[PDB]
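To keep things clear, I will list the structure first and then write my remarks on it.
Any value given below was found using the heavy atoms of this structure, including those in side chains, with hydrogens, waters and symmetry copies removed. The chains referred to below are lettered A, B, ... by the order of the sequence lines, with proteins before strands, and numbering in each begins at 1.
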Amino acid sequence: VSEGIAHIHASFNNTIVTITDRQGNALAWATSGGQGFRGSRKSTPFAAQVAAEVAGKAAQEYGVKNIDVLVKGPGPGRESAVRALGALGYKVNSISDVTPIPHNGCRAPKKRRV
RNA sequence: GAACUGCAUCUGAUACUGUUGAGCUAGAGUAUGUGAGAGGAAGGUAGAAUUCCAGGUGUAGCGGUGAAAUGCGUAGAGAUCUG
């Protein structure tokens, strides 16, 4: 659909990249746990790279060329995913970081005593 | 003989303590002007976020860990958009 939004929900464990249209209707999506990487490999920038390639090329059937990416989360694969999307024929309009930050809202879980 | 550091009663002194008369302002307070503050109490309200409920897109994973598994998901999750 020519114009689309990439959503890179990067996290410490897994990174999920989904391309939707302007009104937030998903076209294609690919994660790192569904690409052959499990456990330690899933939390790697390369896994996010291949997830971004799979999702972006699978959404290119719909005809999207101009994409604006929206990164969210602290995960390792939040720059490699954008690089994979950009170096795949996509035209990046903007790169915006939209990860949610509470203004001292809900209480966080207790500290891990490892 | 000395001592018995004691008690009593008179006499004397007034530096200090006690009791009193008067005065003073330096300790302590009062009135008046400005100022800072997450000081307190009662109401109201805002925006981010989480969770849940209901829908649209969509499809095979999500989540989690040192690795896993329990758990959630094809009864459609997770992701994304809107209420």
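Near RNA chain B, defined here as any heavy-atom distance below 4.0 Å, the residues from residues 56-84 of chain A are A:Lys72, listed numerically. For RNA chain B, the neighbouring residues in residues 100-114 of chain A, judged by any heavy atom under 4.0 Å, are A:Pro100, A:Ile101, A:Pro102, A:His103, A:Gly105, A:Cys106, A:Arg112.
Nucleotides B:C72 and B:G61 meet the pairing criterion: a Watson-Crick or G-U wobble pair with both donor-acceptor distances under 3.5 Å. B:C4 and B:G44 make neither a Watson-Crick nor a G-U wobble pair with both donor-acceptor distances under 3.5 Å. Nucleotides B:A79 and B:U57 satisfy the base-pair criterion: a Watson-Crick or G-U wobble arrangement whose two donor-acceptor distances both fall under 3.5 Å.
Contact annotation: A:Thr31 reaches the phosphate of B:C62 (side-chain N/O to OP1 or OP2, under 4.0 Å). Residue A:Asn13 has no polar side-chain atom (N or O) positioned under 4.0 Å from OP1 or OP2 of B:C62. OP1 and OP2 of B:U65 both lie 4.0 Å or more from every side-chain N or O belonging to A:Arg41. Remark: A:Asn25 is not in phosphate contact with B:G58, judged by side-chain N or O atoms under 4.0 Å from OP1 or OP2.
For the adjacent pair B:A77 and B:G78, the base rings count as stacked: centre distance under 5.5 Å, plane angle under 30°.
A:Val98 and A:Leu85 fall into different hydrophobic clusters, where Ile, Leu, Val, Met, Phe, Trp and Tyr are joined by side-chain heavy atoms under 4.5 Å apart, directly or via other members.
Nucleotide B:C52 forms no Watson-Crick or G-U wobble pair with any nucleotide shown, as no partner meets the under 3.5 Å limit on both distances.
Of the candidates A:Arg107, A:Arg113, A:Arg112, A:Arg113 is the only one forming a side-chain contact (heavy atoms from CB on, under 4.5 Å) with A:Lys110.
One P atom belongs to B:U45, the other to B:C53, and the distance between them is 28 Å to the nearest Å. Distance check on atom P: B:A77 versus B:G55 gives 11 Å, rounded to whole Å. For the P atoms, the distance from B:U30 to B:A8 is 50 Å, rounded to whole Å.
Taking a cutoff of 4.0 Å between a charged side-chain nitrogen and a carboxylate oxygen, A:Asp68 and A:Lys91 do not qualify as a salt bridge.
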Give each protein N/O atom lying under 3.5 Å from an N/O atom of nucleotides 69-77 of chain B, with the pair distance.
none

